[PDB]
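In what follows, a single structure is set out as structure tokens and then discussed.
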Amino acid sequence: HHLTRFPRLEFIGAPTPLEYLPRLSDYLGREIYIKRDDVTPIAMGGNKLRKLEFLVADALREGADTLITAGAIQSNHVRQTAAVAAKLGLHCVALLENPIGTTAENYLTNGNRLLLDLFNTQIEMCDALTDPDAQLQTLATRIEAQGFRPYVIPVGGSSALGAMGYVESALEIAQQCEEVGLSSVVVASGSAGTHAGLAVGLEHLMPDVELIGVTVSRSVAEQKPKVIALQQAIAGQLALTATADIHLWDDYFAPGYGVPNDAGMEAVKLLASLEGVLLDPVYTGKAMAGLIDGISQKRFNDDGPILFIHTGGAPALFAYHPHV
Amino acid sequence: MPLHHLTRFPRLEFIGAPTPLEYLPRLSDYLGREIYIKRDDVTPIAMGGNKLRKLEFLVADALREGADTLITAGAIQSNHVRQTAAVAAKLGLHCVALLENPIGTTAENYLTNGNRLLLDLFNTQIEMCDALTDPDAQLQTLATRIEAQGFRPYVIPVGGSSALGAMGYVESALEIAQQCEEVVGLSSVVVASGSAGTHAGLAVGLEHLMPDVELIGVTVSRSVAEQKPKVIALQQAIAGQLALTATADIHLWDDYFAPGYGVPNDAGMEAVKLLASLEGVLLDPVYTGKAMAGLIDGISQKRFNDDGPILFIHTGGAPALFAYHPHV
């Protein structure tokens, strides 16, 4: 590796659990393991915290007093960023959109959005995040003009820097699995930092394992370029090469980002009832539905054990109830 | 050494590593006093909480008995019920929950969101009742029906608070002593005092491992006079089970729960807002927000034994935030 060049804050501490799922395994007729990255100590957890360890460390080095990011009203990333800002005495400004055009009260005011208010997040609404990076720059300039020193975190925290958090996650995965068959790894692939980070990390640590990203917002055609771009950026900045192909399945997110679907909700119900594990309607439920259908369709490279990366998202359950 | 009889009890592994014990620099700066936090809200199972430590012992006991069904009781928004149901799902045990509406609310998020929502995800069989007037008797009656179906039920009392359940918090005290060793000299510990198992287990553990430390229970449902005998009964039962004596006086503050169990109050809400905004920590309107409100007032009014470090036990409760929003 030799990746320990980048400054980082310790938000997690201990490696997150890697667990066997004996009831799901028995039901599916396949060995399933889970990386519990939904279990991190800050504000109901999630994958974005691993990214923020690097991103907020960078922010501090720059002497920032404000964090600015963007996402949907129910963004897990925004909530995790708001919580970290609170913890560190930093202001937080969030640029928020309603990506599904709902007026359902729990989507609008409960779940992750409720938490934002608890963290004293400054909320800026926009009609659509059509150009996130650009819109974030305009906000940052406005906030700076008010007398603050802002630091911009991209949507999903998915820069090459943010993605370092998932290179780190792979190291944990590597050591946690050295006593396991191993065949495949499944993760939700959205803003792509998690996917890319694991891609780089797993190429070097567990080259025999197939990494599958189940998309939550885009076709394979729209997503692969994003993931490759980040994979190569991470690789360069760690003085490695990344030659592994990127595997994506885009069948499991219709009709769009932040809209639940039946396979997704049924995946949520299955994991909850068989294992007492909570997924979410936007991300992990869709990714899991992808895993299950992979077994249905004999879609994995071989029939060996599968590792699902639980990236979090469960507070959205309370926003999506009863419907959107 | 004194707590070695704990090894005698079979126990499941739900927690794993010791939960974090963290300094709270921003809260400490505001309050003018060193505040630490024991993060029993961060557990791997279904959004965590104190109840998981009790369940390690209770469910091990159920398994030893050949039980296939966990039966328990609580409020619709009970964290205990939610954690019991999660554990039952995980182990392939059936779960039956006797629920009450403690506050007479018709708010739809209280009736259907938060913890109650999660119950359906765990396939919990739900039995409503008008009021838990006699929980032990009502749990028994329900266990008889369940048994007639051929199930093999294990009854868990409200909050998981039996002497056996309470061993989880005797165990937690051992973690706390270890984690503080060389790192900080505690003066005080603050925990919400509900069904009394958490308070009692800590009381026994802390008496033997950190006898100079002042343990304060902030009541969430009862006056000092109603609550104190419940805590003492468990304290003594726990000690007996471990071949120990427990001579420590139990301390309780009851000024922070009004107008009653499961009703939010202003100081509770302000404590929730303070912890969220200063530390990114999520408390809850029923238990921890009220206990924290007590800690804060205790500092303001100089109620503690001295001016030294305070440890807040974060027992969990956050999923209730979503059920109490926007109001009840």
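Each chain of the structure tokens is named A, B, ... in the order shown, its residues numbered from 1; ligands are numbered from 1 in display order.
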
- Write down as a list in words the residues of region 132-306 of chain B whose backbone DSSP state falls under strand (DSSP E). residues 153, 154, 155, 188, 189, 190, 191, 192, 193, 214, 215, 216, 217, 218, 219, 251, 252 and 253 of chain B

Write a file of the selected residues as a short mmCIF file (atom, residue, chain, number, x, y, z; two decimals), in the first residue's frame, keeping C-alpha atoms.
data_model
loop_
_atom_site.label_atom_id
_atom_site.label_comp_id
_atom_site.auth_asym_id
_atom_site.auth_seq_id
_atom_site.Cartn_x
_atom_site.Cartn_y
_atom_site.Cartn_z
CA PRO B 153 -41.85 -19.34 24.80
CA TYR B 154 -39.29 -17.45 26.89
CA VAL B 155 -40.77 -14.47 28.71
CA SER B 188 -19.65 10.86 38.53
CA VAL B 189 -21.67 8.62 36.23
CA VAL B 190 -25.10 9.49 34.84
CA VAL B 191 -27.58 7.03 33.31
CA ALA B 192 -31.34 7.05 32.60
CA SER B 193 -33.19 4.92 35.14
CA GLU B 214 -20.91 8.62 42.34
CA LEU B 215 -23.54 6.89 40.16
CA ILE B 216 -26.67 8.96 39.44
CA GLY B 217 -29.83 7.56 37.89
CA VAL B 218 -32.10 10.15 36.26
CA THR B 219 -35.64 8.76 36.32
CA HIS B 251 -29.00 7.73 43.95
CA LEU B 252 -31.84 9.02 41.81
CA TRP B 253 -33.01 12.40 40.55
#

Could I get the residues of chain B with an atom no further than 9 Å from an atom of chain A, each paired with its nearest atom pair and that distance in Å to one decimal, using only C-alpha atoms, sorted by chain and residue number, as JSON lines?
{"residue": "B:16", "atom": "CA", "partner": "A:17", "partner_atom": "CA", "distance": 8.8}
{"residue": "B:17", "atom": "CA", "partner": "A:14", "partner_atom": "CA", "distance": 8.7}
{"residue": "B:20", "atom": "CA", "partner": "A:41", "partner_atom": "CA", "distance": 8.1}
{"residue": "B:24", "atom": "CA", "partner": "A:87", "partner_atom": "CA", "distance": 8.9}
{"residue": "B:25", "atom": "CA", "partner": "A:87", "partner_atom": "CA", "distance": 9.0}
{"residue": "B:26", "atom": "CA", "partner": "A:89", "partner_atom": "CA", "distance": 7.5}
{"residue": "B:39", "atom": "CA", "partner": "A:41", "partner_atom": "CA", "distance": 8.0}
{"residue": "B:41", "atom": "CA", "partner": "A:41", "partner_atom": "CA", "distance": 8.4}
{"residue": "B:42", "atom": "CA", "partner": "A:41", "partner_atom": "CA", "distance": 5.7}
{"residue": "B:43", "atom": "CA", "partner": "A:39", "partner_atom": "CA", "distance": 7.1}
{"residue": "B:44", "atom": "CA", "partner": "A:39", "partner_atom": "CA", "distance": 5.7}
{"residue": "B:45", "atom": "CA", "partner": "A:277", "partner_atom": "CA", "distance": 7.0}
{"residue": "B:46", "atom": "CA", "partner": "A:277", "partner_atom": "CA", "distance": 6.1}
{"residue": "B:47", "atom": "CA", "partner": "A:44", "partner_atom": "CA", "distance": 7.4}
{"residue": "B:85", "atom": "CA", "partner": "A:276", "partner_atom": "CA", "distance": 7.9}
{"residue": "B:86", "atom": "CA", "partner": "A:276", "partner_atom": "CA", "distance": 4.5}
{"residue": "B:87", "atom": "CA", "partner": "A:276", "partner_atom": "CA", "distance": 6.4}
{"residue": "B:88", "atom": "CA", "partner": "A:276", "partner_atom": "CA", "distance": 7.7}
{"residue": "B:89", "atom": "CA", "partner": "A:276", "partner_atom": "CA", "distance": 5.1}
{"residue": "B:90", "atom": "CA", "partner": "A:275", "partner_atom": "CA", "distance": 4.0}
{"residue": "B:91", "atom": "CA", "partner": "A:275", "partner_atom": "CA", "distance": 7.3}
{"residue": "B:92", "atom": "CA", "partner": "A:274", "partner_atom": "CA", "distance": 6.9}
{"residue": "B:109", "atom": "CA", "partner": "A:106", "partner_atom": "CA", "distance": 8.8}
{"residue": "B:112", "atom": "CA", "partner": "A:322", "partner_atom": "CA", "distance": 8.4}
{"residue": "B:113", "atom": "CA", "partner": "A:318", "partner_atom": "CA", "distance": 6.2}
{"residue": "B:114", "atom": "CA", "partner": "A:318", "partner_atom": "CA", "distance": 6.3}
{"residue": "B:117", "atom": "CA", "partner": "A:318", "partner_atom": "CA", "distance": 7.9}
{"residue": "B:118", "atom": "CA", "partner": "A:272", "partner_atom": "CA", "distance": 8.4}
{"residue": "B:120", "atom": "CA", "partner": "A:269", "partner_atom": "CA", "distance": 8.8}
{"residue": "B:121", "atom": "CA", "partner": "A:272", "partner_atom": "CA", "distance": 5.5}
{"residue": "B:122", "atom": "CA", "partner": "A:273", "partner_atom": "CA", "distance": 4.5}
{"residue": "B:123", "atom": "CA", "partner": "A:273", "partner_atom": "CA", "distance": 6.0}
{"residue": "B:124", "atom": "CA", "partner": "A:273", "partner_atom": "CA", "distance": 8.9}
{"residue": "B:272", "atom": "CA", "partner": "A:118", "partner_atom": "CA", "distance": 7.9}
{"residue": "B:273", "atom": "CA", "partner": "A:118", "partner_atom": "CA", "distance": 5.7}
{"residue": "B:274", "atom": "CA", "partner": "A:118", "partner_atom": "CA", "distance": 8.5}
{"residue": "B:275", "atom": "CA", "partner": "A:119", "partner_atom": "CA", "distance": 8.8}
{"residue": "B:276", "atom": "CA", "partner": "A:119", "partner_atom": "CA", "distance": 5.3}
{"residue": "B:277", "atom": "CA", "partner": "A:119", "partner_atom": "CA", "distance": 4.5}
{"residue": "B:278", "atom": "CA", "partner": "A:86", "partner_atom": "CA", "distance": 5.5}
{"residue": "B:279", "atom": "CA", "partner": "A:87", "partner_atom": "CA", "distance": 4.0}
{"residue": "B:280", "atom": "CA", "partner": "A:83", "partner_atom": "CA", "distance": 4.4}
{"residue": "B:281", "atom": "CA", "partner": "A:43", "partner_atom": "CA", "distance": 6.1}
{"residue": "B:282", "atom": "CA", "partner": "A:43", "partner_atom": "CA", "distance": 6.3}
{"residue": "B:318", "atom": "CA", "partner": "A:44", "partner_atom": "CA", "distance": 8.7}
{"residue": "B:319", "atom": "CA", "partner": "A:315", "partner_atom": "CA", "distance": 8.3}
{"residue": "B:321", "atom": "CA", "partner": "A:114", "partner_atom": "CA", "distance": 8.5}
{"residue": "B:322", "atom": "CA", "partner": "A:110", "partner_atom": "CA", "distance": 6.2}
{"residue": "B:323", "atom": "CA", "partner": "A:318", "partner_atom": "CA", "distance": 8.3}
{"residue": "B:325", "atom": "CA", "partner": "A:110", "partner_atom": "CA", "distance": 7.0}
{"residue": "B:326", "atom": "CA", "partner": "A:110", "partner_atom": "CA", "distance": 8.1}

Can you spit out the residues from that selection as a compact mmCIF listing (two decimals), in the first residue's frame, using C-alpha atoms?
# COMPACT_ATOMS: atom_id res chain seq x y z
CA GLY B 16 -18.22 -7.80 20.24
CA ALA B 17 -15.64 -5.12 21.08
CA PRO B 20 -16.35 3.51 22.63
CA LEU B 24 -16.85 15.45 24.64
CA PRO B 25 -14.67 18.57 24.15
CA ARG B 26 -17.33 20.95 22.80
CA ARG B 39 -21.39 4.83 23.59
CA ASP B 41 -25.79 3.47 21.43
CA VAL B 42 -23.28 2.09 18.92
CA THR B 43 -23.96 -1.61 18.58
CA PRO B 44 -24.06 -3.75 15.41
CA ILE B 45 -27.64 -4.94 15.95
CA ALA B 46 -30.60 -2.95 14.57
CA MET B 47 -29.57 0.58 15.58
CA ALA B 85 -37.25 -8.52 17.78
CA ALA B 86 -34.01 -7.89 15.89
CA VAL B 87 -32.21 -10.54 17.96
CA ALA B 88 -35.10 -13.00 17.49
CA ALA B 89 -34.97 -12.49 13.71
CA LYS B 90 -31.16 -12.96 13.68
CA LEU B 91 -31.39 -16.24 15.59
CA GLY B 92 -34.51 -17.56 13.83
CA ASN B 109 -45.50 8.73 13.20
CA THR B 112 -46.38 3.59 12.78
CA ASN B 113 -42.87 5.07 12.35
CA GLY B 114 -39.56 4.65 14.23
CA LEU B 117 -41.86 0.41 11.80
CA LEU B 118 -38.80 -1.80 12.44
CA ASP B 120 -42.80 -5.22 11.08
CA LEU B 121 -39.49 -5.62 9.26
CA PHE B 122 -38.54 -8.25 11.86
CA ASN B 123 -41.87 -10.14 11.45
CA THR B 124 -42.76 -9.47 15.08
CA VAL B 272 -31.09 16.71 22.44
CA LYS B 273 -30.44 19.92 20.46
CA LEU B 274 -27.27 20.69 22.45
CA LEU B 275 -25.69 17.24 21.97
CA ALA B 276 -26.58 17.16 18.28
CA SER B 277 -25.31 20.67 17.58
CA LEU B 278 -22.15 20.55 19.71
CA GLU B 279 -21.05 16.91 19.36
CA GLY B 280 -22.97 15.40 16.42
CA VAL B 281 -24.41 12.96 18.97
CA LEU B 282 -28.03 11.81 18.77
CA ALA B 318 -32.43 7.67 18.65
CA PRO B 319 -34.89 5.75 16.41
CA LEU B 321 -36.67 10.80 17.14
CA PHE B 322 -38.45 9.85 13.90
CA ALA B 323 -41.58 8.64 15.70
CA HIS B 325 -41.57 14.08 14.80
CA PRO B 326 -43.23 16.44 14.19

- Message: If we count only C-alpha atoms and set the cut-off at 8 Å, which residues sit around residue 136 (chain A), ignoring sequence neighbours fewer than 5 positions away in its own chain? Please answer as an MDAnalysis selection string.
- Response: chainID A and resid 68:70 95 152 154

- Item | Selection: 12 Å around residue 59 (chain B), only C-alpha atoms, excl. self and same-chain fewer than 6 positions, as a PyMOL selection string | chain B and resi 9-14+51-53+65-72+83-88+90-93+95+153-156+160+164-165+168

Restricting the output to C-alpha atoms, write the selected residues as a PDB file, in the first residue's frame.
ATOM      1  CA  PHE B   9     -23.495 -17.235  33.120  1.00  0.00           C
ATOM      2  CA  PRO B  10     -23.778 -18.359  29.500  1.00  0.00           C
ATOM      3  CA  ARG B  11     -23.908 -15.388  27.138  1.00  0.00           C
ATOM      4  CA  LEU B  12     -24.190 -14.710  23.427  1.00  0.00           C
ATOM      5  CA  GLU B  13     -21.935 -12.348  21.509  1.00  0.00           C
ATOM      6  CA  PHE B  14     -24.058  -9.497  20.103  1.00  0.00           C
ATOM      7  CA  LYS B  51     -30.986  -3.489  25.843  1.00  0.00           C
ATOM      8  CA  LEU B  52     -28.578  -5.490  23.679  1.00  0.00           C
ATOM      9  CA  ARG B  53     -26.213  -6.064  26.668  1.00  0.00           C
ATOM     10  CA  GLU B  65     -33.961 -23.758  27.981  1.00  0.00           C
ATOM     11  CA  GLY B  66     -34.745 -24.929  24.412  1.00  0.00           C
ATOM     12  CA  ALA B  67     -37.055 -21.944  23.821  1.00  0.00           C
ATOM     13  CA  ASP B  68     -38.014 -21.032  20.242  1.00  0.00           C
ATOM     14  CA  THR B  69     -40.041 -17.906  20.990  1.00  0.00           C
ATOM     15  CA  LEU B  70     -39.203 -14.657  22.757  1.00  0.00           C
ATOM     16  CA  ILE B  71     -42.072 -12.843  24.408  1.00  0.00           C
ATOM     17  CA  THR B  72     -41.786  -9.358  25.815  1.00  0.00           C
ATOM     18  CA  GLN B  83     -33.819  -4.958  19.923  1.00  0.00           C
ATOM     19  CA  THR B  84     -35.540  -8.149  21.174  1.00  0.00           C
ATOM     20  CA  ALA B  85     -37.253  -8.525  17.778  1.00  0.00           C
ATOM     21  CA  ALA B  86     -34.010  -7.891  15.887  1.00  0.00           C
ATOM     22  CA  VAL B  87     -32.213 -10.537  17.959  1.00  0.00           C
ATOM     23  CA  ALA B  88     -35.096 -13.001  17.489  1.00  0.00           C
ATOM     24  CA  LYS B  90     -31.159 -12.961  13.680  1.00  0.00           C
ATOM     25  CA  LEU B  91     -31.389 -16.236  15.590  1.00  0.00           C
ATOM     26  CA  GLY B  92     -34.506 -17.560  13.833  1.00  0.00           C
ATOM     27  CA  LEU B  93     -36.603 -17.319  16.986  1.00  0.00           C
ATOM     28  CA  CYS B  95     -41.118 -13.051  18.705  1.00  0.00           C
ATOM     29  CA  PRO B 153     -41.850 -19.344  24.796  1.00  0.00           C
ATOM     30  CA  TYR B 154     -39.287 -17.451  26.892  1.00  0.00           C
ATOM     31  CA  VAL B 155     -40.771 -14.471  28.707  1.00  0.00           C
ATOM     32  CA  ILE B 156     -38.568 -11.375  28.925  1.00  0.00           C
ATOM     33  CA  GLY B 160     -35.154  -6.920  29.948  1.00  0.00           C
ATOM     34  CA  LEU B 164     -29.833 -11.941  34.801  1.00  0.00           C
ATOM     35  CA  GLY B 165     -30.525  -9.274  32.164  1.00  0.00           C
ATOM     36  CA  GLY B 168     -24.937  -7.054  30.930  1.00  0.00           C
TER      37      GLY B 168
END

- Item | 12 Å contact set for residue 167 (chain A), only C-alpha atoms, chain neighbours under 6 positions out, as a ChimeraX atom specification | /A:1-4,50-51,54,160-161,173-174,193-205,230-231,234-235,237-238,240

- CA of residue 260 (chain B) and CA of residue 73 (chain B), how far apart in Å? 18.7 Å

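Distances to residue 153 (chain A) were evaluated for A:286, A:299, A:48, A:247 using only C-alpha atoms, and the minimum falls at A:48.
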
- Message: Let's see if you can do this: from backbone DSSP, list all helix (DSSP H, G or I) residues in region 179-257 of chain B, as a PyMOL selection string.
- Response: chain B and resi 179-180+197-209+224-241

- For each of B:269, B:180, B:62, B:196, take the minimum atom-to-atom distance to residue 161 (chain B), counting only C-alpha atoms, then give the residue where this is smallest.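 Result for the nearest residue to residue 161 (chain B): B:196.
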
- Query: Near residue 210 (chain A), within 8 Å and counting only C-alpha atoms, which residues show up once chain neighbours fewer than 6 positions away are dropped, as number ranges by chain?
  - Reply: A: 183-185, 301

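Residue nearest residue 167 (chain B) within the list B:240, B:135, B:229, B:194: B:240 [criterion: smallest interatomic distance, only C-alpha atoms].
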
Might you pull out every residue within 9 Å of residue 127 (chain A), with only C-alpha atoms counted and same-chain residues fewer than 3 positions away left off, and present them as a short mmCIF file (atom, residue, chain, number, x, y, z; two decimals) with C-alpha atoms, in the first residue's frame?
data_model
loop_
_atom_site.label_atom_id
_atom_site.label_comp_id
_atom_site.auth_asym_id
_atom_site.auth_seq_id
_atom_site.Cartn_x
_atom_site.Cartn_y
_atom_site.Cartn_z
CA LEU A 96 -30.57 20.19 -1.25
CA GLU A 97 -32.85 18.90 -4.02
CA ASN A 98 -36.04 16.87 -4.22
CA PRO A 99 -35.05 14.30 -6.87
CA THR A 130 -27.94 19.80 -12.75
#
